[PDB]
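In: opening piece of the complex, as it sits:
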Amino acid sequence: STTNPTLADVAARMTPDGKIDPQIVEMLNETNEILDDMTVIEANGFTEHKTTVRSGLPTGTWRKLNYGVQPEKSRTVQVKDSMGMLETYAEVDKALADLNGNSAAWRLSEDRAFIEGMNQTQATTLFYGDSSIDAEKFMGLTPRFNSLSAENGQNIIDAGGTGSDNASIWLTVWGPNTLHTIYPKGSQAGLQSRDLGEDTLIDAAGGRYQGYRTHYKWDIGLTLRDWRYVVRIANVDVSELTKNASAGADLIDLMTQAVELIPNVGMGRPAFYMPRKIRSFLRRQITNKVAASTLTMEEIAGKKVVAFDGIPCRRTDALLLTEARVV
Amino acid sequence: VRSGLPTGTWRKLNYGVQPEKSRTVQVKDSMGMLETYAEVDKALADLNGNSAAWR
Amino acid sequence: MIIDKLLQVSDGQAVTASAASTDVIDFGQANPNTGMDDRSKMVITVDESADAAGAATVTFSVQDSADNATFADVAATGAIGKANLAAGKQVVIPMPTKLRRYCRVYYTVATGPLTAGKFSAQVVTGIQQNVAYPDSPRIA
């Protein structure tokens, strides 16, 4: 019945009176920015990246004179975290791309949607990355911080909102020992767009079908050395946000409590991660807060948020707005 | 205008995965013409010679 | 949407029984094949609505003839239901590629008779169809 996918003769659909349409309007692509901002260091293990992390300090004792006090011992657990590889080959019939004379123009335009689908997927998975169910993928910021019971439960700040319509803000600190990405030894990250070249394909019938193919490897996992460098602001009920930080949960303060949750941002480099929705409301709320103080007439709308603390503030589309509420 | 992205896949080991196809619909939209004539009986415009002033 | 008044048939015809269009288009040849201009297409707009006793359907269809006398279908829509004919519903039938002299538009009405609703049929190049397409849709 249905043939999937695998590039039909709607190469025609992408054209004017003429060649491949250069100005196709990029609708489904979003400019979330972790992928540029996140750091990459090669993972240390085979299919993993091990990290030994101190679990218990020795206590010490006050000793009365004449009485040997006990020796002490640092109990210590170590934790490794897994990966996933993300790639596709991308094949096209050699004739369909050559015809109407648009061989390279098609290859390019088909490619851009590919880099974009790749970034969209890497990025949505980086925040809501599972593994008890998806198995194949590396596990991302939730649910390493899901339940409030976690040793980093103190690290998730309840925005206070409830119900199903509630976002969260993330603040992470990307650096080699606090939080970073990993690619295996030695497959390199990140995104390798290799072109396989023309090569023959095989028909269901038996027929040579002389045609193209392109690869898009991109294999990452994600180390969270210590959750202390990451704060989750769960349950920001977005229906309930009002710009006058009045009803619902205020952002500016809720956030400064997030800066205060991080032990000493020294390394490597911090970043805010909020859905475009919040980025707008945080904008409105900042100009709502300073207006009752000192803001100019022409700066009445307010500069769009850039450096919150200063920390760079990154807009991330690839961050679900209606995520289920945490308990 | 781009209608669908290839998603890519997490691929389990040793398993040749599907190619993707970036679906894309196009839209055409039209024009309209808005025009009008503006007539006066020449006899009415001519008097007191305000033919041009009237026009 | 530009319209040629001469290629206009059924200017605002009140379709009640399954009747044909008022005017019948006459080309200046035996095989105009203006389906071949790869540009022309019949459009039927709706006003005011498919009011009927119901449930009724309206099948718009282009018909050819050699001479202005006996017609036969060359394109058809299908039984478009009442309440799919709100005020403002362009039903485009692409011009059939093998046209003959004298094209007309017939309205195959499923029972019961339509009680109120006009339709305006015209050959244009081409329709205004720019409906919005999704973006994320995660946001949103």
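Out: Happy to help now that I have it. Numbering: from 1, shown residues only, chains lettered A, B, ... in the order given.
In: close to chain B: what parts of chain C are there?
Out: C:1, C:2, C:126, C:127, C:128, C:129, C:130, C:131, C:133 (CB under 8 Å from any CB of the partner chain). Just so you know, the C-beta spots here come from the backbone N, C-alpha and C atoms, and that holds for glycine as well.
In: farthest-apart pair in those residues, please.
Out: By the measure CB to CB, C:2 and C:133 form the most distant pair in the residues of chain C next to chain B, at 24.6 Å.
In: which of these two has more neighbours?
Out: Each of residue C:2 and residue C:133 has its neighbours counted (other CB atoms under 10 Å in any protein chain shown); residue C:133 has more, 16 against 12.
In: thinking the more buried one is in contact with residue A:27, fair?
Out: Yes. Shown here, residue C:133 and residue A:27 form a contact pair, counting by CB atoms under 8 Å, at 5.8 Å.
In: if we check chain A, which of the residues of chain C next to chain B are in contact?
Out: Near chain A, by the rule CB under 8 Å from any CB, you find residue C:133 out of the residues of chain C next to chain B.
In: give the helix, strand or coil label for residue A:100.
Out: On the three-state scheme (DSSP: H, G, I helix; E, B strand; the rest coil), residue A:100 is labelled helix.
In: for it, give me its contacts.
Out: Neighbouring residues of residue A:100 by CB atoms under 8 Å, 6 or more residues apart in numbering or on different chains: A:11, A:12, A:15, A:19.
In: what's the separation between it and residue A:11?
Out: 7 Å (CB to CB, to the nearest Å).
In: do the helix ranked longest in chain A and chain C meet?
Out: Of all segments of type helix in chain A, defined using DSSP state H, the longest is helix A:103-127. Yes. Judged by CB under 8 Å from any CB, helix A:103-127 and chain C are in contact via residue A:124.
In: gap between the two ends of stretch C:93-104?
Out: Terminal residues of stretch C:93-104 are spaced 13 Å apart (CA to CA, to the nearest Å).
In: same thing with stretch A:17-26?
Out: End-to-end distance for stretch A:17-26, by CA to CA: 20 Å.
In: ok, and what's touching it?
Out: By CB under 8 Å, 6+ apart, the residues outside stretch A:17-26 that reach it are A:11, A:14-15, A:100-102, A:105-106, A:109, A:112, A:116, B:1-2, B:24, B:26.
In: which parts of chain A are helices?
Out: Going by DSSP H, chain A shows helices at A:94-98, A:103-127, A:141-144, A:252-261, A:276-290.
In: residues in contact with residue 84?
Out: Unless you meant another one, I'm taking chain A. A:136, A:137, A:138, A:219, A:220, A:221, B:10.
In: that's the other chain; I wanted chain C
Out: Per CB under 8 Å, 6+ apart, neighbours of residue C:84: residue C:50.
In: roughly how far apart are it and residue B:15?
Out: 46 Å.
In: ok, back up a step: of the contacts of residue A:100, which is the most crowded?
Out: Busiest of the contacts of residue A:100 [other CB under 10 Å] is residue A:11, holding 22 neighbours.
In: mind listing what it touches?
Out: By CB under 8 Å, 6+ apart, residue A:11 lies in contact with A:20, A:96, A:97, A:99, A:100, A:102, A:106.
In: closest to chain C among these?
Out: Nearest to chain C among the contacts of residue A:11: residue A:100, at 15.5 Å, using CB to the nearest CB.
In: how close does the residue nearest the centre of chain C sit to residue A:148?
Out: For chain C, residue C:44 is the residue whose C-alpha lies nearest the centre (CA atoms, centre = their mean; 3.5 Å). The gap separating residue C:44 from residue A:148 is 61 Å, by CB to CB.
In: now do the strands in chain A.
Out: Here chain A has its strands, by DSSP state E, at A:40-42, A:48-54, A:76-85, A:88-89, A:92-93, A:166-174, A:180-183, A:211-212, A:215-216, A:219-223, A:231-237, A:269-274, A:313-315.
In: point me to the residue of the stretch 151-300 of chain A nearest chain B.
Out: Nearest to chain B, among the residues of the stretch 151-300 of chain A, is residue A:216, at 6.6 Å (CB to the nearest CB).
In: chain D should go on the structure too:
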Amino acid sequence: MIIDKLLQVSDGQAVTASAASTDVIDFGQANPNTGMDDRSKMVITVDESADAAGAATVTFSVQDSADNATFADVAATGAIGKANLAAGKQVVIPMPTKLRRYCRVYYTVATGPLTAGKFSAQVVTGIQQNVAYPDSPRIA
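Out: Putting chain D onto the chains we already have gives this:
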């Protein structure tokens, strides 16, 4: 005439009863609307012929679906009579302007059932159609 290996549905289907086409074309989007290309169009070729007890008619019509389960006419041909379908008879339907995912071809067979006949349906850009046209016509 180039043909897409993939958009080919009903390769040489022995339509004897009013059956739907073997394969159903599946686009990878909700509303492909590929009629807007002003370029794609369904073409049905005939083989060897619509031989039947007769006189019967065979109507080609495109069907949509949200999902590959329930279809509805979005284009049709009309009652192509039998003895208009000898081997090499293209019924061209221009692509309907508002497509959904999963298009198919149904063969609305008027009674009685056909005794013989294959049909090839596929979406192309475009048909090869060139009849010679008269000239003066006093000579020739």
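In: ok chain D is loaded, check the contacts of residue A:84 again?
Out: Remark: with contacts taken as CB under 8 Å, 6+ apart, residue A:84 is in contact with A:136, A:137, A:138, A:219, A:220, A:221, B:10.
In: separation between the residue nearest to the centre of chain C and residue C:37?
Out: For residue C:44, the distance to residue C:37 equals 19 Å [CB to CB].
In: which residue is the nearest non-sequential neighbour of the residue in chain A that chain D sits nearest to?
Out: Closest approach of chain A to chain D (CB to the nearest CB) occurs at residue A:2, with a separation of 3.4 Å. The shortest distance from residue A:2 to any non-neighbouring residue, by CB to CB, 6 or more residues apart in numbering or on different chains, is to residue D:26 (3.4 Å).
In: could you measure from the one you found over to residue D:103?
Out: Plainly put, residue D:26 is 8 Å away from residue D:103 if you go by CB to CB.
In: between the two, tell me which one has more neighbours.
Out: Each of residue D:26 and residue D:103 has its neighbours counted (other CB under 10 Å); residue D:103 has more, 26 against 20.
In: direction included, what does the helix or strand harbouring the residue nearest to the centre of chain C pair against?
Out: If you go by DSSP states H and E, residue C:44 is part of strand C:41-52. In the sheet, strand C:41-52 lines up against strand C:91-94 (antiparallel), strand C:114-124 (antiparallel) (DSSP bridges).
In: could you export those strands as JSON lines, including distance to residue D:7?
Out: Below are the strands paired with strand C:41-52 laid out as JSON lines (distance: least, CB to CB, whole Å):
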{"stretch": "strand C:91-94", "distance to residue D:7": "18"}
{"stretch": "strand C:114-124", "distance to residue D:7": "28"}
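In: reformat those as CSV; add distance to residue D:138 and mean neighbour count.
Out: Output for the strands paired with strand C:41-52, formatted as CSV (distance: least, CB to CB, whole Å; neighbours: other CB atoms under 10 Å in any protein chain shown):
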stretch, distance to residue D:138, mean neighbour count
strand C:91-94, 36, 22
strand C:114-124, 32, 21
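In: among the ones you listed, which is nearest residue D:70?
Out: Each of those has some distance to residue D:70 by CB to CB; the shortest is strand C:91-94, at 20.5 Å.
In: find the nearest non-adjacent residue to residue 110, please.
Out: Defaulting to chain A. With CB to CB, 6+ apart, the residue lying closest to residue A:110 is residue B:22, at 5.7 Å.
In: I was after chain C.
Out: Counting by CB to CB, 6+ apart, residue C:57 is the residue found nearest to residue C:110 once chain neighbours are left out, at 4.1 Å.
In: need the contact list for that neighbour.
Out: Residues in contact with residue C:57 (CB under 8 Å, 6+ apart) are C:79, C:80, C:81, C:82, C:109, C:110.
In: the last one and residue C:52 touch, don't they?
Out: The reference is to residue C:110. No. Assessed by CB under 8 Å, residue C:110 is found out of contact with residue C:52, at 9.3 Å.
In: neighbour-wise, which of the two wins?
Out: residue C:52 (23 against 18).
In: chain D contacts on chain C?
Out: With CB under 8 Å from any CB as the criterion, chain C meets chain D at residues C:31, C:35-36, C:38-39, C:41, C:61, C:72-79, C:92-98, C:126-127, C:129, C:133-134.
In: re earlier: next one: phi and psi at the residue nearest to residue A:110?
Out: When read as degrees, to the nearest 10, the backbone of residue B:22 gives phi -90, psi 100.
In: re earlier: report the buried residues of the longest helix of chain A.
Out: Within helix A:103-127, the residues scored as buried using 16 or more other CB atoms under 10 Å in any protein chain shown are A:105-107, A:109-111, A:113-127.
In: equivalent analysis for stretch A:290-298, please.
Out: Of the residues in stretch A:290-298, none is buried (16+ other CB under 10 Å).
In: do stretch A:282-292 as well
Out: Here stretch A:282-292 shows A:282, A:283, A:284, A:285, A:286, A:288, A:289 as buried, counting by 16+ other CB under 10 Å.
In: quick one: the last one and residue A:253 touch, right?
Out: This points to residue A:289. No. If you go by CB under 8 Å, residue A:289 and residue A:253 don't touch, sitting 9.2 Å apart.
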